[PDB]
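Coordinates in review
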Amino acid sequence: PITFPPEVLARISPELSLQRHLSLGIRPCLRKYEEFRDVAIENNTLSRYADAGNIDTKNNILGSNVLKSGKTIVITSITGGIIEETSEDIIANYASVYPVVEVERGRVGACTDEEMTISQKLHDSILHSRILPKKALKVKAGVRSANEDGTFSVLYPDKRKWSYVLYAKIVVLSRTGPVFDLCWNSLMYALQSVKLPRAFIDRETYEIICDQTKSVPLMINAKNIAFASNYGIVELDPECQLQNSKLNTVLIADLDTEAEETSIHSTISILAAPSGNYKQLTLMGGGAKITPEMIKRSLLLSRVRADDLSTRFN
Amino acid sequence: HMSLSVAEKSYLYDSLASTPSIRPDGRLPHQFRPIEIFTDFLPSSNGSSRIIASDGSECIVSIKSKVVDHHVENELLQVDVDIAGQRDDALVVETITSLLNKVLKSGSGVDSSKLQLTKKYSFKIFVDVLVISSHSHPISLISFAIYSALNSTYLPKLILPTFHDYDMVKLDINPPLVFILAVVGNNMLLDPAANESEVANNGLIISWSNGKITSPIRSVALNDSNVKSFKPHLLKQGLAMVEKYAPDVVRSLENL
Amino acid sequence: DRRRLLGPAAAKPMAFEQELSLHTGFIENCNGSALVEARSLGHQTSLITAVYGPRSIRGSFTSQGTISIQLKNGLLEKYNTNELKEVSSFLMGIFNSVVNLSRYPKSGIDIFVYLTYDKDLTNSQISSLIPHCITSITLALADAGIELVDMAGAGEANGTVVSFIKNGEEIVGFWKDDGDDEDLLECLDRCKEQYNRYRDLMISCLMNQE
Amino acid sequence: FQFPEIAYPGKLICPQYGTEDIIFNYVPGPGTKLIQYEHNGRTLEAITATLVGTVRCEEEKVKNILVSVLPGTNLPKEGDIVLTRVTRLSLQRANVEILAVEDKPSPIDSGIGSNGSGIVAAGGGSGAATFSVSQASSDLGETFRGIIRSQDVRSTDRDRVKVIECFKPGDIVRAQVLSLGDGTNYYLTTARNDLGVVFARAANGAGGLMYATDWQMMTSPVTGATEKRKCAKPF
Amino acid sequence: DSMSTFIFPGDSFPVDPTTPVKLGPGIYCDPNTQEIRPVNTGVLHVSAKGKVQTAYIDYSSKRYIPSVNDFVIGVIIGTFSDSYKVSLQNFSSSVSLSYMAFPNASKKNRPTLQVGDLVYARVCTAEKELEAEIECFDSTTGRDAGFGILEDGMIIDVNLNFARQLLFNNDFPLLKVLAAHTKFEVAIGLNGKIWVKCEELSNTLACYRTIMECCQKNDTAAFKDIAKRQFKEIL
Amino acid sequence: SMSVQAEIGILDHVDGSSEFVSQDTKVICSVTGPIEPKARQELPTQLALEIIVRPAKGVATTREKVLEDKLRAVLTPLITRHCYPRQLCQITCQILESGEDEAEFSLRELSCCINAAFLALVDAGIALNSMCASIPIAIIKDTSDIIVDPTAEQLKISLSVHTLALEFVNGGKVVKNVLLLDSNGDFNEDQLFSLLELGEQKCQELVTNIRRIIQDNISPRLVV
Amino acid sequence: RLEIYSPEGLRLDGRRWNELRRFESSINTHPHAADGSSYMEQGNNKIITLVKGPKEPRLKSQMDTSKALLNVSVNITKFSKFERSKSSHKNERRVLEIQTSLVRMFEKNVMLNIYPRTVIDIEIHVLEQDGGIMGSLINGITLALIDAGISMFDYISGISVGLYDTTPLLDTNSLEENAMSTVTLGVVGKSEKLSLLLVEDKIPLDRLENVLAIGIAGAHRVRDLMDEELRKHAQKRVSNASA
Ligand code: NA
Ligand code: NA
Ligand code: NA
C-alpha cells in the first residue's frame, strides 16, 4: 500500500489532498472549516519609546509589533520622516503609510508580485478605511532659542508648514499561506503603538530637527480600525470523498498549508470593524460559484473575528 | 591555474606539503615573484601607480584629494575598488573594499594628523583601485600598488583655505602593506600562485604597518575545494614569517 | 523606486559570561532554521538563521555543493553593506571547511542570517556578533539535515573572533579587526572556552531538539 | 567497544577496522565520513557521523559492514526514487520536474502565491525578471529538472516505445535516478514495476482524477473512458 | 442546421440532442461536466448530415494553431540532426520537418533546404502533447505531392479566415481578378501566409499590394476595383 | 443612462485589440496568443498569462501591479486555458485617460481594463468560458445613494468605491459567477446587497450592449 | 569667455585650427590579459583597450551559428576628470549609447561571419579624459582589434571637430568642448564614407558640411598615425622572431 506524507501529498495532488481532508470534516492545516489560527502579539518592543525610563538613543523606530499566527511570524516596524508642505470625511483629507513588505522565502532580489501587491494594498486600505487623517500628521514646530548667551533651549507651543511621513517595514517569517491578513493586523497594532517625535527649528533655509525624548500620541481614528479575514469556497468532488467507515460546497476560514492555497480559487477577503461596518471586501470567483449565503457567513465570521482581534489584548 | 584536474591537484599538493615544500616554479616558501612598478604617470591625479606581476596580474591605483570638514566627514580616507569582469555588487569586491578601508582607516591605519590643514578643514584621500587582471587573490597586489601610489603622492600646499598655484608638498605617511599567505598542510607560502591557491588548505591575510604586525588579520579560503582547518602554530608561523620577511618588502618598495 | 512605496522624495528621514537560548526547526518554508538569543550584563542580542537547500543551481555542472550566506540587517540598519558582505565571506570560508560539500554535486545551499535584535546597554560590534552567527548557522545546517564534518564553534575576545572545530584542536576561522593589541594566546584561550561552552550547548540543543 | 547509537556531527563512531576474530572493515555510508583525526601527535582513522540521528551498521555482501546515520529516532542521488511532474513531452524523451525525493518535498517552498492571484508558474511573475543569479542558487519555486528518455521507460521493447502512450503533461510519475546527467537535467527511468505514473487526470490534466486499472491503462470513474499510461504498481 | 447562427461563448448550444454531432473548432466538451459549450465568438455552422453532422464555429482569428491535413507555408529557422526547425508564424511554437519527410529521401540522400527558405508543406501530425509535424510528400506512397521549396517570391501576412476562404471557396474572386491582370504562381497557407510570384517584379508587387488591401477590406465586391487601381501601377 | 464607446481590431501587429471608453476613462488593450512562452512562464497543462497594465501618466508602479493582479484574477477563470497547454497569452492594457483622480482612485481604470481586455480576447479568437462585464459603483457621503458609473466629481465625495465584474452565460441572462468584487471605504451589509442587485442589473445592461458591439463588427468579417 | 580663437589664429593650448593633438599609440601592451590590446594617448586622453577573443561563448545562449557576437565595455574611471565623480558611470544611458554605437560601428567592419559561434569581448578603460573621447575610443578599438589578429575590412579613424562661430577647430579638448558644439566622426579607412556621425548640440545646417571637410582630413591623418605604429611594431616583431 503506497503512501505519501501530507507534505508531499500537498505537493503532488493539492486538490485531492484538500478534498480528502474535507471529506473527514477537517483541513490539510488540521483545523475545521470555520476555525481560525490563534494569534499572539508582542507590541511596542522594538520602538525607541519602548522603555519610558531608559529611552534608546540609537533607535529610530516609532512603532513596533510582533505577531504570530499558526507558525507564521510577522515583524512590523514604523519609522518616520518629515516633508515640507506646499501651498470632512472625504478621502482628500486623509493619509496613509508607506509600507515595504518583505516576505521571507528562499529567494534574494527585487520585490515579488506578492510583496508589491501586499504593500500597495496595505497603503490603499489604510487610505480608504480612513484610519489616518492628514491633520494628525501635521507637525507643530517648536523653536530652539539660545540660553542667555552660552547654550540652547527649545520652546514648544502648548513660519512654514510641515507634515509627518510614516514608513513601515514588514518582514514575514515561516509563510505557509496568504499573509496579507497577518500583515494588516500587525500593521494595525503597530500603528496603535506609534508615538510621533516632537520637532523644533533653529533662498536660504534651516533644517527642522526632531526632539530626542519628547513625543506626542499618533491620534488615529479607533472607530475606523478594522481587522482582516480570508475565506475559501470549496466545491466537493464526490469521487475524492473518503469512505469514513448531488453537489455540495463548504466555507473555509483562514487559509493555509499550500494544499488549500494551491487548490482553492474562489476566495473572499474582508477588512471588518468592531463597530459593525466593513472597510474592505474582495470577492474572487475563480472556481466555485460565490453565493450570497457564503458572503453573509463570511461577513459574520469577519465581524466576530474583528471583535476577537480587537478585544483579546487590553 | 584554476580548474585543475584531481591528478594535478594531488601532484601539486604532494609537492607543496612535502618537507621541504616543492613549489611548481621552485620558489622558496618566503620568495616573491618578479613584479615591476611605475608611478607618477597620471598627471590629473595627486598620486598614481601601476603594478605588473609575472603571471599577468596587473593593477592601477589613482590617488585624488578633496577638502572636507572633519566634523562632517570623520573618514578622511576612502578606498574604492573596481575589478574588471566583476560587478561592483560582487561579494569579493565589497570584501576587498571593506578590508582595504579598514587597513587604511584614518583612526590607526595611517596618521590622520598628516592630512590636517585647519581645525575645520582637511584633505580627504580618495584611493581608486582598478584591477585590470588577476589570477589569484589581488589583496597584496592592490596593497603594494597603493603603497607605491601613496609614497609618490603630492598635495596642494596651504598658504576658507587658499592654496599655492604651482608648488605642492609631498604627502608624508607610512602606508600599510597587506600580505597574503597560503596554508598548505604544515607549510606557509608567501605570494601564492594560482595553481598553489587552488590546492591550499587555507589562507592568511596579515596587515603590516610601521614595522609591526597590525590589523586586519583574516583567515581566507583561497578556494572552495580543499578548505580545511589548521593548527594555531601555523598561524603563529605565518605571523612570524610576515614580520621576518616584511622589512625587505618595505625597503624594496620604498627605494626610488 | 518602481517596485516599492518609498513615499514622497521631498521628505527626509528623522534625525535625532552570557546566557544562551538555542532552538531549531520553527520555520516551516525552509529546510533548516535556528533561533539564538544571548544575554550578557547590559547587553542583549537575538538572531535567526534559515537554510534553504540543497537546491538547484543555474549554470554548468558543479562537482560539489555551493554555499551562499546572506546577512540581513534587523530593525536598525546597524552595519555597512561592505562589512556585512565581508563577514558573509568569512562565514562562507568557515562552513566551506565544515560542510561535506562532496555529497551535494550540482546543488546550492543558501543560508540567511536575520540580525533581528542587537541592543547592548553599554555606553565594531560585529566581532562580538560573529560567534552567534556561526552557532546559529551550524545549528540550522544540522537542522536542515545538511551534513557537517564537525560542529563549527567560535568565540570572541578583544576584537578577536576565533572559530574552532575538533574540540578546539584546530582553527576553521580567524577574524582580527583592530580591537586593541593584546597577545594572541589568551584571546585563543578565552575564545576556546567560549567555543567549548557553545559546543556543549549546541549538542545539548541538538539532543533535546531535532 | 559498542558503537554509540545516538549521533551528531563531529562525533566519532568507530575506527576504520575491528576484530571480533575476523576483521570488520567499516564503510562510511550516508550520514558518515571517513576522517583521519590527530590525537597525541599520532594518527587515527575514524568513521564520523555527519548528521543527527540513529546510527546503523547493517550487513551486506575480512567482511566489511555499512555504517550510516538515519535522521529521526533531500538531493537526488543515483538509485533514489523521486516523484516527478511531467512538464514536456516529445517523441524522444519526457521532461519532468522533481517534486519530492524519498518522501521529502523539493524544494520545501514551491512559491505558491508569490506571483499573484491567477495560475502562474514558479517564474512567471515579476520576481523572475529581477532575480539575482550572482547572490542566490536559484529562484523561489525552482526545481531539480529530470529527463525520462524513451529507451529508459521500459525494460523491454525499448526500441519502439511511444512516450505519448506512457505519460501525459501534468502526470505524477514515480521514477528512479539513473545518472546525475548535466547541470540542467537528471536522467531518470521508469523501467520497473513500482516505477511510472502514480497520478493522472483525464484530458491531459483538465479532467478528473483517473485510477490505475491495468499495467498499461487507467480509467476515469465519472466518464468510464480509458486512457493509456505506464502505471506504477500500487501496493 | 443549414441556417448558420451567430453565437457567443457561454450561450446555450442549439443543435438537436438526439442527433449525433461531431464537434469542430469553437465547440468545447467540458472534461468535468461533460457539457457541450461554445467557447468562441462567431458564426455557428452545422453541416447537413452523413455517416452525423459537424458543428463548428467560424471565428475571426489571426493566430494559427496546427491541425492535421492543413496546407501551411513555413520558413526554415534551424537545422537539426534528423529534422528542420520551421516557423509557421512569428512568436509561435516551431514545427518539426523530418529529413525523411521528402520524396526520394534516404539517410544517404538528404534534402537541400537552408535556413531562411520557404517551405510549402502539409501538417501530418498535430498532437496536443507534442510538437507539430509537417511533411513535403505523400505519406502513403512517398512521392512528390506538390509540396516543397518556394523560391524568389513574396510572402503576404493574412488573417486565417481570408486564407481558408482563399483555399476552399471557389466563388472567391480575388484569384480571378488577379488572373485578369497577370500570370502568377500562388501558394496558399492556412497558417495565414500567401506566397505569390510573377515573372516580372512589378506584377508581383502589384499582387502583393492588392492582396493586402483586399485583406483589410471586408467587402468582397470591391476587389476588382482595388485590383484595377493597384495594377494601374500608381507609384 | 449608461452609454459606452467601444472598438475592435484597431491594432495591426497583435492578434486581437480593443478600445474601451466609459465617460472620461479611456483604455486600449492588446492580446497576442496563443504563442510560445519563455521557459519560466510555461505551464504543462494550460495557458499561461502575461498581464501588463500601463498608467496614463508617469511610469508603471506597484499601483499598476495591483491592477494587473486583479485583472489576472478576472481573466484567469474567463479563459479556457486547458485548450492551450504550454502556450502564452500576452495581454497588455494601456490606460489612455484615467477619468478619475489617479492618486486616490483607480476603479474606473480597473473596470475599463477588464472590459477592454475581454473585448480584445474576443477579437483575438481565444477560447472563453463565458461573457463578462465590469462596472464601477460609488456610495456618496451625504446622499448615501448608489451611483453606477460615477464621475470623478462623484468619486471625490464618495464614502465608498466598488468594482463589480460579473461572469455571464446564456445570452447574458444568467449570472454564472462573480469574477471580481473590489469594495473599499465604509459600508454595511444592506448597502452591499443593494449595491449588488443594482450592480448586477447594470452589468447585464452592459453585457447586452457589449454583445451588440461585438456582433456589429465581427459579423461582417465572417461568411454566411 | 576668452580667446578660444585669437585673431592670430591660435588656441588656448597653442594649436591652430587644423592641427591634431599629440597622438601616440602602443600595441600588445597586455599580452597576458587579452588576445589583442592597445594603450592610447590622444592629447591628455589616456585609454586602455582590451580585446578578448574570438572565444567560446560564456552562455550557450548569446551564441550565433552564422556570426560572432561583438560586445563592448566602456569603463570611464572616477578619476578620469579633474573632479572625482562619486557616481559610477557603468549603467548611465550615455555610456550604453556609446557602447551600442561602437558595437554597431564595428559590426560592419569586423568580419564576424568568419568567426561563427564565438564571442569577441572588447574591454575599455578610460584612464584620463580631456575631450574628444569618442574618437579616442574608436581609435583604441581599431588598434586593439588589429593587434588581436581579428579580420576587418579597414581602419576606422575617430576624430572630433568643434565649431567656433564661423571657424571649425580640429580635435577639441575639454575646454573647447564646452562653450562650443562638436561633431564626432568615425571615418572608414582613407574613404569619404562615415561609419559614425555624431552631433549632440545645435549647429547651423549651412555650416555643417564644412565641419565635416576638415574632420575627414584629420581622421585620415589619424589613420596614417595608427598605421605608422602598426607597421613599426610589425617590422620589429617579424625581424626579431627570425632566428
Ligand atoms: Na553545487
Ligand atoms: Na580611417
Ligand atoms: Na590636418
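Residues numbered from 1 in each chain as written, not as in the entry; some residues may be left out. Chains lettered and ligands numbered in written order. Part of a larger assembly, values for the part shown. Heavy atoms only, no water. Residues with missing side-chain atoms left out of burial classes, pairs and counts.

Labelled according to the PDB entry, chain D appears under the name Exosome complex component CSL4, originating from Saccharomyces cerevisiae. Recorded in the entry header as its title is "Structure of a cytoplasmic 11-subunit RNA exosome complex including Ski7, bound to RNA".

The name given to chain B in the PDB entry is Exosome complex component RRP42, and the organism recorded there is Saccharomyces cerevisiae. In its Sequence similarities section, UniProt records this for chain B: "Belongs to the RNase PH family." (UniProt positions renumbered as here; feature names shortened; annotations may be inferred.)

**What to know about the nonpolar core**
Counting 141 residues, the largest nonpolar core has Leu166(A) and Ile91(F) as its most contacted members. Among the elements that take part in this core, helix α2 (residues 107-124) of chain F stands out by supplying twelve residues, more than any other. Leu181(B), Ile206(B), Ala246(B) and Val162(C) belong to the second-largest nonpolar core, a separate cluster that totals 80 residues. (Core = buried A, V, L, I, M, F, W, Y, C linked by side-chain atoms within 4.5 Å. Buried < 20%, exposed > 50% of the residue type's maximum accessible area, 1.4 Å probe, protein only. Helix = DSSP H or I, 4+ residues; strand = E, 2+ residues; numbered from the N terminus.)

**Points about the coordination of the sodium ion (ligand 2)**
Residues and elements named next belong to chain G. With distances of 2.5 to 3.0 Å, the protein atoms coordinating the sodium ion (ligand 2) are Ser157 (N), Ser157 (OG), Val187 (O), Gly189 (N) and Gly189 (O). On the primary sequence, the residues serving as donors to the sodium ion (ligand 2) are separated as S-x29-V-x1-G. Placement of the pair is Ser157 in strand β6 (residues 156-164) and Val187 in strand β8 (residues 181-188), with a sequence separation of 30 residues. Just as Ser157 is buried, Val187 falls in that class too. (Donors = N, O, S within 2.8 Å, 3.2 Å for Na, K, Ca; no water.)

**Considering the interface of chain C and chain D**
As a measure of interface size, the accessible area lost when the parts come together is often cited. Facing the 37 residues of chain C at the interface are 42 residues of chain D. Broken down residue by residue, the surface that chain C buries against chain D is led by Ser56(C), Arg58(C) and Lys106(C), which jointly contribute 22%. Counting the contacts that link chain C with chain D gives one salt bridge. In this assembly, chain C and chain D are joined by 15 residue pairs in polar contact. Where the side of chain C that touches chain D is concerned, the elements lending two or more residues are β4 (43-55), β5 (65-73), β6 (107-120) and α3 (184-208) of chain C. Considering every element that reaches the side of chain C that touches chain D, the biggest residue donor is α3(C), with four residues. The class makeup of the residues in the side of chain C that touches chain D is 14 nonpolar, ten polar and 13 charged. (Contact = heavy atoms within 4.5 Å. Buried area = accessible area lost by both parts, 1.4 Å probe. Salt bridge = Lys/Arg side-chain N within 4 Å of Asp/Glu carboxyl O. Polar contact = N/O pair within 3.5 Å; in protein donor to acceptor, adjacent residues only side chain to side chain. Nonpolar A, V, L, I, M, F, W, Y, C, P; charged D, E, K, R; others polar.)

**What to know about the coordination of the sodium ion (ligand 1)**
Residues and elements named next belong to chain C. Taken together, the protein donors to the sodium ion (ligand 1) comprise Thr62 (OG1), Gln64 (O), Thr66 (OG1), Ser107 (N) and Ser107 (O), at separations of 2.4 to 3.0 Å. Along the chain, the residues donating to the sodium ion (ligand 1) are arranged with the sequence spacing T-x1-Q-x1-T-x40-S. Here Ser107 lies in strand β6 and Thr62 lies in the loop between β4 and β5, a separation of 45 residues in the sequence. Relative accessible area serves as the criterion here: at 22%, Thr62 is assigned to the partly exposed category.

**Details of the packing of aromatic side chains**
Applying the stated rule across the entire model yields 25 aromatic pairs over all chains. Every member of this aromatic cluster is reached through a ring pair, and the members are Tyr189(A), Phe227(A) and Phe313(A). The ring of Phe193(F) carries the charged tip of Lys296(A) above its face, separated from the ring centre by 5.0 Å. Between the NZ or CZ atom of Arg223(G) and the centre of the ring of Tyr155(G), over which it lies, the distance is 5.1 Å. (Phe/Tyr/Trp six-rings, centres within 6.5 Å; stacked < 30°, edge-to-face > 60°. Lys NZ or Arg CZ within 6 Å of the ring centre and 35° of its normal.)

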